[PDB]
Structure formats: C-alpha cells, structure tokens
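Only one structure is covered here, and it is reproduced in the block below.
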Amino acid sequence: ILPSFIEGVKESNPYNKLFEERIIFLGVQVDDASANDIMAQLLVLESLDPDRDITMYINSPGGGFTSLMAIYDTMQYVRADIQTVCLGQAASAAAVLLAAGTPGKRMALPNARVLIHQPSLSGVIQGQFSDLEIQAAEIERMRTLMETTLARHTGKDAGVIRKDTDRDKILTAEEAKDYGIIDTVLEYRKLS
Amino acid sequence: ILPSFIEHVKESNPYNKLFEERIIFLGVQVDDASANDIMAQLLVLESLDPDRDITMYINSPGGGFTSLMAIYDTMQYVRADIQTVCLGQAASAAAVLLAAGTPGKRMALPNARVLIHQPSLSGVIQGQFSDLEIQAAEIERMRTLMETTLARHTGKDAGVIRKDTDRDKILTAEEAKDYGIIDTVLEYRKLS
Amino acid sequence: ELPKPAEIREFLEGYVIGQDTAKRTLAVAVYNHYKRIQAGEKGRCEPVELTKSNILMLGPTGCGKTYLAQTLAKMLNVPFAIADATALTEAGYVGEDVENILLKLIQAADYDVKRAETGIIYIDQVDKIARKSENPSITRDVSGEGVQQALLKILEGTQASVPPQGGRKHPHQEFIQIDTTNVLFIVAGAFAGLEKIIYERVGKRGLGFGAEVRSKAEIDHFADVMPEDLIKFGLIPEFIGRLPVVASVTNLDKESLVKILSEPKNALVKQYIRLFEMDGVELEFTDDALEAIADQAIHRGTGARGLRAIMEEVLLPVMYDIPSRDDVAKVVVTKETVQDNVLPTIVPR
Amino acid sequence: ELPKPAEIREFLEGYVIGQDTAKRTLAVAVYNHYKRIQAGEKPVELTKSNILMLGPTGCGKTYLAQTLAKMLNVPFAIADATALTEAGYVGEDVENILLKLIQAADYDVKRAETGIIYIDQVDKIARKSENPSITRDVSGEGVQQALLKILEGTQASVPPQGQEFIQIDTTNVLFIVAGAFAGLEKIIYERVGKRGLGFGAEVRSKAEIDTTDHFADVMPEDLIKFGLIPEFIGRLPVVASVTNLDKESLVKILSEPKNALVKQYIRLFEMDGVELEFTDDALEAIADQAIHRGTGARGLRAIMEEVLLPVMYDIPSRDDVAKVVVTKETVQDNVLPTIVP
Amino acid sequence: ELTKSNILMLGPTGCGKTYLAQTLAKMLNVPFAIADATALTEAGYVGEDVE
Amino acid sequence: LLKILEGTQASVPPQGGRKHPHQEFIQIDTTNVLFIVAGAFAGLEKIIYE
Amino acid sequence: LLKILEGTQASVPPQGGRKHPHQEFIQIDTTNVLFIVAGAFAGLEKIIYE
Amino acid sequence: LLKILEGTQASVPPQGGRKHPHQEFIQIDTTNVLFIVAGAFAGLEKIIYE
Amino acid sequence: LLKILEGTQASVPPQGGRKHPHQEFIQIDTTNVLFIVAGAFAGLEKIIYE
Amino acid sequence: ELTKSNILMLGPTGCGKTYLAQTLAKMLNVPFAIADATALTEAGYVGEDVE
Ligand SMILES: Nc1ncnc2c1ncn2[C@@H]1O[C@H](COP(=O)(O)OP(=O)(O)OP(=O)(O)O)[C@@H](O)[C@H]1O
Ligand SMILES: Nc1ncnc2c1ncn2[C@@H]1O[C@H](COP(=O)(O)OP(=O)(O)OP(=O)(O)O)[C@@H](O)[C@H]1O
Ligand SMILES: Nc1ncnc2c1ncn2[C@@H]1O[C@H](COP(=O)(O)OP(=O)(O)OP(=O)(O)O)[C@@H](O)[C@H]1O
Ligand SMILES: CC(C)C[C@H](NC(=O)[C@H](Cc1ccccc1)NC(=O)c1cnccn1)B(O)O
Ligand SMILES: CC(C)C[C@H](NC(=O)[C@H](Cc1ccccc1)NC(=O)c1cnccn1)B(O)O
Ligand SMILES: Nc1ncnc2c1ncn2[C@@H]1O[C@H](COP(=O)(O)OP(=O)(O)O)[C@@H](O)[C@H]1O
Ligand SMILES: [Mg+2]
C-alpha cells in the first residue's frame, strides 16, 4: 500500500523522496538482495555528494552475516558519515548496522527496540564432522567478528559483548543508548 | 479493482489523490512492509508541510508490535498533528495507532470497530527455558509498553488498560469515544 | 575626533530597534571608514594603505536594512547615496548604468568629487541582481549577473568615469573622474531563497528523523553564512569576495516589534496618534494591544512592515467611523487585535 | 630596457604571494614580448604571445597585473571589459582600451605601440545565448569580434575624451586578458574528470573540488563551451594558470606584503592607540577558513572583519594597551583578549 | 512623519477593482494614474519600465 | 517596483516612458505617493483555502 | 490585451507621429474602440459537449 | 503562419533586427504572395495506409 | 547552414554595429564559394565497422 | 550551368585538416575563412551568425 505518483519521467513514490534526501531505507530483512540494494544506494549517495550525511533507517529483523558485513563494510567505506536511525526494531544483524553509524549520529525512536544476539545457523547444516568442524569454526568466527564489530562501535570489550549476546538481549532505546548502540534517543518533534 | 485517472502526464490512483491531500492510509495489517510504507509517508508529508496536519485512515486488523511502535513513534515524531480516522476496524496495533492521533483529532466512522487486546505470539516460539524467559520478558515488555501507550492516549490508568485488554475488548465507535481511543464519532455528511 | 562605534550605534538605536549585530557592523564599518579617510590624508607612521571592507546586509524583508541605512544617512558627515540595484543594467542597455549610482554620490556631495571619493553608496536590493542558477546563465541577464560584473570594478576601487547625464550623448560634459577605492559600498538584500541554500550546505536535510523541518511558528537562518551559499543563490563569486563584511540582519521577534510600534522617532503608533489628532481624537493603545499587534505581525511575516498591515485592518473601522463624529479618546484594547472586528473603547465629550 | 624574466618574477614575488606557475608564465611571456620587439627593431615570424589569465577569484589576476604596472615603465592600460560594447551603441566602445593606453603613455603613441593593454573580466564578453528581451546583445560576441583585429594588430582610430583620431598600431602591443571563468571549472571537469562512483573510485569531496582544474587541463574547446569564440582564443596562445591559494600562501598574504592585511588592521587599532597582535596559530586559523570560502585572498578580509568585529566596537570606547588575537577566536567564538594598562 | 500605507486590492473578475479606482479618480483632488503591471517590464528589457 | 512603492528618488524619463540612459530626467519622490494596486488573483482562493 | 479590451490610455511604443526622436508615443483611449476577436476554438466543442 | 498564408499587413523587421519595440518595420501585404510549403511528411505514409 | 553551401544571395552586415540602422548590407553569393567543412568524428568508425 | 562540389573532411582532430585547406588557399591566393559550427546555437537564432 504505497502512493506512487507515476510519471516518460521519474515515478516518485515516498521511498524516492527518502532517497533524494539521502535516506537509505533498511526495513526488510538483511538477506543478500537487500544488502545488495543498500550497498548500491550507499555508493550512489556517496557519488552524489560524499560530504553530506547518508541517513540509514533501520526497521529490520536482521538477517545473514555476510549480507550484514556487506552493508557494514559499505557503510564504513563511504566518505559520507552514516546516520543510523532505528525504527521499531534493529534486531540481529540490524543492531550491528545500527551501531555502525557515525558516532554522534546513531539515533533511535523512543519505542524502538534493539535486539542483539549471537549468530545462528538457519536450519541444520549437514555433513561429515570435518565439514562441521569448518562450519563451526566459521560461526565462531562470525560470532567473534560480530563481537569485535560491536566492540568498536559500542565502546565495550568484546568479552562483554560475548556475555551479553549469549542470549537474545533486547534493549529499548534508552537501554541501547546506555549500551552504546545508539547515541541519542529521538525526542518527539510534534508542535502539539 | 482500483482505477486511475490522468492528471496534469501523471497517472494517479485514488491512493495518490488521498496522499496529496495529506491522507496516509493504513489499510492492511501492521507488518514491517506496511509500517515502512507509513513511516515513509509520514516523513514525506511532514517535509511538505509540517504545520498542515496529516490524516491517517485506519482500516486494519493490527499486526506486529515493532512495526506498531515504528508507526507509533513516527506519528508522535512528526511536527504535523495526526488525524486518525477509523474505517471499519482498528484492531490491536491499529487501535493503538487509532488512539495515537492528536487529541481532538481522533475520529471513527459510526460503524467502525475498535478491538484492543494484549500482544500475542503467532504460533509457538521454540527454545530453551533461558530463551523462553527472555521471549516472555519481551512479551511482557510489549504488553506493558502497549498498556502504557494506551494510557498516554486514552487518559486511562495502565492498570485499567491491562484489565480491559485481558481479552478482546471490542469497542464500537461510541464505546471507543467513551473509552478514550477516539475523540469524535464521525457523523455522516450526506446532503439527503 | 571621530564618532566611535558606540556613538554611531547609539544614534542608530534611536531609530532602529532590534538588530544588534547589524548595528555593531555599520558602526564598526562606518568608524573604519572614518579611519580610512583620516589615514588617507595623514600618517614611522606605518606606510600602509587601507582597503575599504564593503558590507553585504542579509536579513528578511521589513526588518531594517534600508531603514538602518536611511538612519545611517542622518548622521554620517560623509556623502551618502542610497541606490537601487533593481534599476541598474549592463553598459549598453536601456536602464541606469552602474556609474549612475556613483553620480548619485557626486550629487550627494552637491557636486564635489573629492568628498564623493570619501563617500558611502548604499546599493539596495542586490538580491535582485542575483541569478536564478548557481551556474552561468543561458540568457545574457543584463539586469542581474551583468550588473554584478559591472559593479565589481567599482566595488574593488577603480578610476571610474562617471557620465554627467545631462547631454545628448556621454562625452558632452567631460566625464567626472572619481576614485572609488575609498567609497564604502553597503549593499543589501532580503535574500529570500538564501535560507534554503544554507540548510542544504550544512548537511541539514529538510526531511526525516533528526532533520530540521521548519514550521511557520519559526517565522541558523542567516548566520553561518558563507560565500558558497551566495554563489549558489545567484551572486557571482567575483561579487561576493568584494563584499567581506556580512551585516546579518535578522527576523524581528515579538519583543522587538512591540518596541518598533512605540519607541522610535517616527514610530508607527506615533503615526496613527498623529492621524487621529487631525480628527481631534486622542488615540490610546493599551500595552496589551501593542503586544497583540506584534503577535499578529510575526504571523504576517513581512517584518516591521507587517506592523503597519495589522494596524490598518484593526483601525480600519475606526478610521472610517471617527471622522464623522465627535470623540476624545479612542482606546485600542487588546480585544480588537487578536479578536478581529471588535469596536474599541470610546470616550466622547 | 628589458628586465629578465627571473627579475620580473622576483618583483612579482615582492607583492604577489603564491601563484608560482602564473608568475612564471607572465614573466616569460612579458619577456618574450619585449625581446621580440627589440629584435624586430634591430625572423621566423614569431607568435603574438598574448596572455589569458584565469583562476579562482581573489587569488591574484588583477593584482598580478597591477604589480606588472608598478615594474616595467612601459605604458600599461588597466582597462575593463565590463563596460565594453559594440560600436554605435551606448556605453564604452572597444577602442577606448587603446585610449586608456595612451592616457598611461602620456599621449606618446610610440610608447603605446609597445605597451601592455590589460583587459579585466573577459568572462563578461563571452557569448551568452541571446535573451529575447534585450534588442541585440551588444556585450558578448560583438565586443569579442571587435577585439580580434586589434589583438592580432591593426591600425585603429581612437576617439578621445574617455578632435582628430589617434592611430595606434597594436602589432607590438601585449594583451593580458583575465577573468575568473566561474563556470569553466565545471566544464573542464566534464571532460578530464568523472563523477566517480563505487569502491576504489575517486569521488572528490567538495574540499577537493576547491582545487584548480585550470592547471594543464584547460583547452580551447572548454573556452568555446564557456562562450569565447574560437578566434579570440587563437589570439591568446599564452594561458597563465592562476591557481587557488593554499594554506601556506594565505598565511603569507596576511603579514608579509606592503599593504598586508594584518598591517592594515594594526594601523586601524593604533589609531585608537591599541596594539593588535596575532599569534602564528591565529594567522593559520584565519588562513584555513579562507579555503572554505573560495573567494581567495579577498576572503581573508571576510574572516578578519568577522573575527575583529566585537573588538572594533569595544576597543575605541576603552583604554587599553594591546590585544592578542589567538586561535580561540577563529576556530572558537571570540575571546576578548585585551590587556588593560 | 507619516508613511504611505499602500493598498493591495484583491477580488474576482468583473466585480469592481478598476471601477472602484475609476470612480475614485473622479473625486480625488490629487493626481491619479491608472497604470498596468502587465505593460511594465524590468529595467534593461523591452517594453515599458516601471518609471 | 518595490523601490517605487516604499519611496525613492526616481529618475523618470520624459521621453514617454521608454528608459534610455542619456537624457535629462524628471526627479520625483514617491515617499508620499499612494500605490493602490489590484489584481484578480484567480488562483489564490485555492491557496488561501489550504 | 485585457487593459486594451476594457479601455486604457495606452501609448503606442514605436512611431508616435511619424517618428520624431522626442515623444515616440501618442495616446489612444481604447474605451470606445470596439474589439471583435475570433478563432476556431477547435477543442472547445469537446468541452462544451461535456 | 495562418495570417501570413492567407494574407495580412505583416510587419517585417529588417536583416539583423528582431520584432522588438522602437524598431522600424516593413509593411508587406501577403494577400497575393503565393506559398508553396513542402516537407518530407515521412510519417504520413503510415497514416494514409491507415 | 546548407543554404550557403548550396549557393544563395546573402546580405552580410559589415559589422555588428550595422544591424542598428538597417539600410546597408554587403551582397555576396556562395554559388562559387568553395566549402571545405570538417568534423571531429571519433564515434563514426562504429558505423564503418557495422 | 556547372555546379560546385564541396569537401567533407572526416576523421579525428589534430591531423592537419585546416592546415591542408589553408595551404590550399595560400596556393591559389583565394580567401580563406575558418569557422566553427559551435558558433551556431542549438536553441535557434541561426541565420544571423551564418552571415
Ligand atoms: N529595527 C527597526 N526599528 C524600527 N523600525 C523598523 C525596524 N525595522 C524595520 N522598521 C520599519 O519597517 C519599515 C521598512 O523598513 P525598510 O525600508 O528597511 O524595509 P526592508 O526590510 O529593508 O525591505 P527589504 O528587505 O525588501 O529591502 C520602515 O519604515 C521602518 O520604520
Ligand atoms: N597571490 C596573492 N598574493 C598577495 N595578495 C594577493 C594575492 N591574491 C590576491 N591578493 C590580495 O587580494 C586582492 C584581490 O586580488 P585580485 O584583485 O588579484 O583578485 P582577482 O583574481 O583579480 O579577482 P577576480 O577574479 O574577482 O577579478 C589583491 O589586490 C591583494 O591585496
Ligand atoms: N459594485 C459594482 N457596482 C456597479 N458596477 C459594477 C460593480 N462592479 C463592477 N461593475 C461594472 O463592471 C464593469 C467592470 O468593472 P472593472 O473595470 O472594475 O473590472 P474588474 O472586475 O476590476 O476586472 P479585473 O478584476 O480583471 O481587473 C464596470 O464597467 C462596472 O460598471
Ligand atoms: C546475529 C547476526 C550477526 C545475524 C543473525 N543471524 C545470523 O547470524 C545468520 C542467520 C540468519 C538469520 C536470519 C536470516 C538469514 C540468516 N547467519 C548467517 O547468515 C550465516 C550464514 N552462513 C553460515 C553461518 N551463518 B540475525 O539474522 O538473526
Ligand atoms: C496488541 C498489539 C500491540 C500487537 C498485536 N500483535 C502482536 O502482539 C504481535 C503478533 C506476533 C506476530 C509475529 C510473531 C509473533 C507475534 N506480536 C509481535 O509483533 C511480537 C513480535 N515478537 C515478539 C513478540 N511479539 B495486534 O494483533 O496488532
Ligand atoms: N600533416 C601536417 N603537416 C604540417 N603541419 C601540420 C600537419 N598537421 C597539423 N599541422 C599543424 O597543425 C596546425 C593546425 O592544424 P589543423 O589543420 O587546423 O588540424 P585540424 O583541422 O584537425 O584542427 C597548423 O598550424 C599546422 O602547422
Ligand atoms: Mg580582478
């Protein structure tokens, strides 16, 4: 349900009116295809002006780890400071992208929850024990890489991230400010 | 079927013609993709005029809580007053968004349904008991936050919201005005 | 010797209310001009020559740009020529040339050239010689860009040959040679679309979370101004570098506009008390009504010119009725300004 | 008389700070012009060597030419192209730049057949697409075609009073023309540059857009896109690449020249009887704010009037000794650092 | 000293704005010009100028 | 026109109205000239209604 | 045209009295000048039919 | 072209000049001027085939 | 442009200042004028390869 | 009734195209005029710059 203003000219739905104002939107899960979309937008907005801040909106349930680090690297790569805003939820990989914003520019709405958790395998990976030794050293590497990523951005020790992401830690907006994932909780701006 | 009509080059459906008149339409269940649509529309219409109010039509069976609080916080964030009109039903999150409008500006059609209930889980969330006591502290966080949210807006005590949302408290438009979810049962303007 | 900037601003304070930063500038800049003229005829003694340090006045309409220059005209002891950039053209085209604002300075020194070399030209509305693009214009723009190109030889100082403009062609009365290196140029303009340019420079978007969207109750607005904001407005970059000082006129708030009604010399409520005095009627404003006029004048959004727009949709049924009857006092109450169409208090004989 | 091109630049170095490639190009082409005159008075039919200066504003184009005015003792017109029209129209005609030469020659015509006519803002006389409201654009292509004959060198009758006309030969008259060419910085970037996109691609932030692309990347086809007709470029084979001023030169503009900026303000405050001092951290803090302006050395006045605005209001109403402008007054908001007796 | 208080007169077509001014011409004891803003053009351009 | 409305020393060409830079002019001061201006404003009632 | 179609003291911009270089304008009152205007209005019969 | 193709007292600006005011024009009557207008009309081959 | 390449009786103004009085033009025909035009073709060999 | 023939010189720049035609005009001492087609505007007005 979305009003598209169609037209041989630009279509201009509200997501175009987000993107022209340098707001990249991450509201779907972080799979490959969404990560591919975000990185294409992060580079385009860098090329349009590398000095104006890119804003990233995060209403994502999270998703895959390599798709996470695809977005993460591109957020960290571009010359523009990334302003991350949490909408509703920033769970799983999307909490890492929320912490991946520029310091001072990591925002959350007051009733947005931030869910941090260790990586999990989607389903069961079968195989020989030498295959599974590789897959388990992999998710331990994914776990360690997620912790040291959240260590860089929350200012905490990676062992503290390890103890806290042992289970699902759901933070509120104020609890994610105290943790270090966001920097400011957005106050309501309504004139009423 | 949804027709269109060509304005002037551009092809607009009635949803475009609603949206150009500052009317955001919540007509599906509140999932991530619908909440992402509504938040994009709330920010576009605030940028177009932050003093001209935004009208939100709610014909919705409700849905996800983080998608709820994503719409909710964006409705509370924007400088424009939100005029929520209930159309047929506002169930669950949709009733919280119905109550989330600006005081004095929360409307419902006379045969609209307002259904409030506590949050649930769709199906069974598996896990260890340490996982489940966190998912249950989460659904209690979601229940308390919803009852707090209906306490800001209906003017009622959150303990009275808790006793009323024990089961489906289904309100008519007149019963939702006495409750505090809407402010005006919107009377018919038929000339005949 | 010279009038100090505290003494120049104290003169400006008698007429202009508000505008603290744009009264320090034009008291500093007039004092530096007075020191340039004293250093230009005397004074080791540091053999340095002083450049003029021109002024660009920003700030919205009706907020005391022209009025702050017309006040500055009243005490200058130095030739002053208020001039308009909306009448200026390129050389070759039908309007007034950019050396006819320099004739007005020579005419301000009654004909004198040596005093006009020491003068001040106030070019009003130079936001109207700005282009409609940050790029070079496709059209020639003889009244816009080409004026800025024609002014910049005069702004930086040149041996300008002023046409006398009393004959059939130009060299019929032997061009007045004037040196404009010590002529101070206070240029001004409202720069209405410049506020949108400044937000797009600093990184402030006008959409979304944490991005400033501007309500009408707000009517960083002309401060944190840079030449790149004025390049993107339509002033050519050669024109802006010759205007180093920005005076930064601001929007007048409600507490300033209350005092603009009552306090200055030709104050606005003094003008209507003067008007009803010709009808033999004393006009009184309660101070709750003066705050109510200025409360509506910020919704009006046209500066202190909006105060005159409020007081003549308030005094309009009064100014119609009262010349046809016999009264003494007309007490304007607060109940007729914010609640329109209320007949005010009458005191007859 | 013939000053060597190293000696022309070493006089330019006394006034103009920075612009080292543009001072070599002026000093060589001025030397090549007068040496070709002197060898002609005593050939492989040598080039005319007229100079087209172009760079960012405030960086010294006029100030390069005014320094060449103070050196050569050869008649030097300082004419502007912002008043030049076609013949038979209102305004200054093209032959008045020859009259400005003999006014600088004290009406000696044979010294004005060796002089330098400096034309300022030839970006004005570039062709614009004609506005359908102006009745014959007279300030663009037609001024520029009326210069084509005298840039090569022709006999030209000169009307006085700017009775008989004065015949000036301009075959041995050097023409230094100048202009900022504000749109030309974008036109060259449309050819030698790319809007870089993606990983490992140079995107070139706005601070790096404020560099010069006129260094060796300007071409005649870029000038035709600006509006200069192709023959007018061919009468200008020498192009002096005026560059943007770096941080090191903008510090040296503030204190070192004759009418240096801080010497202008110390004179303004010692007329109040108060010393004005600058730390070297402060002058570097003034100079790096001028790069963000893009108005060159003229922007150094915009900073120091803004930095010294509260003290110029305060200090003449007081009794003080000195004030030490520090780096906390350009980077941070103004400390009032004044020292009372 | 007093100021102008100029009038911006608004109204739909044929309802009398010029006819108010043409009537006000007939009594005025003050010189009166009916101008027209469409006839005017910015200075430097063809057509009439605002003087 | 805004310089004419607020009051200026306006040089008026007696040629007939077409400005051209050289002539004697007529100096008029419009600081006491009233400017009634009018217009249909045919698209404004929609703008007011918003 | 609307000032001309209602009546105004217009002045013709070229050729006032066989081109004297002073006063190139002559006055005309278009109040009593009848105007007949015409055109096909080709798309209008689709508009009237609505 | 309509009044030109049928016949009108057309004002013609001379070579170099445009239709601006204060310009001398040439009054030609195009009543007896024959007009042979022509074009390729490449898209018309589809239209006559329709 | 192809009108002069084909040959036409063209009226040339002697300079830009002669488009003001409009009575004097330099007549020339290009019926015997040679035209050596040239381009900057670097994307034409694609069609030559084609 | 003979009709002249005009030369279209193809190819990329800097190969000596105008230097062929200039030398060829200096051989027969006929006039020679360098012109460009960028001297004509792609917005109209063409016909007075051809002159
Ligand atoms: N600070 C002030 N104190 C007193 N009166 C003021 C002040 N500012 C404005 N006014 C009043 O507003 C009127 C208009 O002022 P002015 O002529 O300066 O217009 P302006 O805002 O400069 O217009 P523009 O910006 O378009 O040039 C003046 O008559 C003056 O009396
Ligand atoms: N390279 C420089 N060295 C020293 N002083 C300089 C230099 N460039 C500029 N200045 C100072 O700033 C003033 C302005 O420079 P100048 O007049 O040369 O600018 P410009 O390049 O001609 O500007 P525009 O392009 O706008 O015409 C000079 O008169 C001088 O005081
Ligand atoms: N209130 C009125 N009383 C009497 N006659 C009127 C009135 N209003 C309009 N008319 C008549 O209508 C005619 C047109 O009036 P006018 O010239 O004022 O047009 P207008 O509506 O101002 O047009 P525009 O709005 O386009 O300027 C006049 O001749 C006048 O006689
Ligand atoms: C904890 C962060 C890093 C990511 C969370 N899950 C993972 O770690 C994800 C699991 C997932 C969840 C939802 C959708 C797709 C994939 N892990 C992986 O992508 C993954 C892929 N291959 C091997 C090992 N892990 B999140 O998606 O719940
Ligand atoms: C009562 C309001 C706040 C929300 C209502 N719905 C919910 O409670 C929804 C229903 C749901 C959907 C998907 C998965 C699990 C649960 N609750 C949630 O969004 C939810 C999500 N994660 C954990 C706990 N609850 B209603 O139907 O909109
Ligand atoms: N083959 C060549 N032989 C001699 N000179 C050449 C040659 N090619 C180019 N030139 C030189 O180049 C200059 C201009 O070349 P030009 O003929 O205009 O090339 P183009 O037409 O491609 O621009 C001439 O002055 C000439 O001296
Ligand atoms: Mg210069």
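Every number for a ligand or one of its atoms is a count from 1 in the order of the listing. Just so it is clear: chains get the letters A, B, ... in the order the sequence lines come, proteins before strands, and each one is counted from 1.
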Distance from [atom] to nearest protein heavy atom, with residue and atom:
atom: atom 22 (N) of ligand 4; value: A:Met142 CE, 3.7 Å
atom: atom 13 (C) of ligand 6; value: J:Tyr19 CB, 4.6 Å
atom: atom 10 (N) of ligand 3; value: E:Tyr19 CD2, 3.9 Å
atom: atom 19 (O) of ligand 4; value: A:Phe65 N, 2.7 Å
atom: atom 6 (N) of ligand 4; value: A:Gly63 O, 3.3 Å
atom: atom 22 (O) of ligand 6; value: J:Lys17 NZ, 2.6 Å
atom: atom 1 (C) of ligand 4; value: A:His117 O, 3.1 Å

Completion exercise
In ligand 6, the atoms that come under 4.0 Å of a heavy atom of J:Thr13 are 22 (O)
Problem - Atoms of ligand 6, numbered as shown, that sit under 4.0 Å from any heavy atom of J:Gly14 - result: 22 (O)
Exercise for the section: For ligand 6, note which part of I:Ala38 has a heavy atom under 4.0 Å away: side chain, backbone, both or neither. Expected result: neither
Under-4.0 Å heavy-atom contact between protein and [atom]:
atom: atom 30 (C) of ligand 3; result: yes
atom: atom 14 (C) of ligand 3; result: no
atom: atom 19 (O) of ligand 6; result: yes
atom: atom 11 (C) of ligand 6; result: no

Check whether more than 12 heavy atoms from other residues, nucleotides or ligands sit under 6.0 Å from atom [atom1] of [X], and answer yes or no.
X: F:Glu45; atom1: CD; result: yes
X: I:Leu2; atom1: CG; result: no
X: J:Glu42; atom1: CD; result: no

Ligand-side contact atoms (ligand 4) for residue partner [X], heavy atom cut-off under 4.0 Å:
X: A:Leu121; value: 23 (C), 24 (C), 25 (N)
X: A:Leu68; value: 3 (C)
X: A:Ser122; value: 10 (C), 11 (C), 12 (C), 15 (C), 16 (C)
X: A:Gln118; value: 1 (C)

Closest to [atom] (judged by heavy-atom distance), picking from [options]:
atom: atom 23 (O) of ligand 3; options: E:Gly14, E:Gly11, F:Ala42; answer: E:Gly14
atom: atom 28 (O) of ligand 4; options: A:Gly123, A:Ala136, A:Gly64, A:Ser92; answer: A:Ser92
atom: atom 17 (O) of ligand 3; options: E:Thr18, E:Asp36, E:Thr23; answer: E:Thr18

Problem - Proximity to ligand 4 by part of A:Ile125, non-hydrogen separation under 4.0 Å - result: neither
Practice task
Would you kindly specify which portion of A:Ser120 sits under 4.0 Å from ligand 4, judged on non-hydrogen atoms: side chain, backbone, both or neither?
Solution key: backbone
Practice task
Can you sort out which atoms of ligand 3 are near E:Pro12, meaning under 4.0 Å from one of its heavy atoms?
Solution key: 21 (O), 25 (O)
Handout entry: Minimum side-chain heavy-atom gap A:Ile71-A:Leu68 below 4.5 Å
Key = no
Practice task
Taking the side chain as every heavy atom from C-beta outward, state whether D:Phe175 and D:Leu147 have any pair of such atoms under 4.5 Å apart.
Solution key: no
Practice task
For F:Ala38 and ligand 3, answer yes if some heavy atom of the residue is under 4.0 Å from a ligand atom, otherwise no.
Solution key: no
Problem - Check ion pair A:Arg113-B:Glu138 (N to O, under 4.0 angstrom) - result: yes
Problem - Check: E:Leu20 N/O within less than 3.5 Å of ligand 3 N/O - result: no
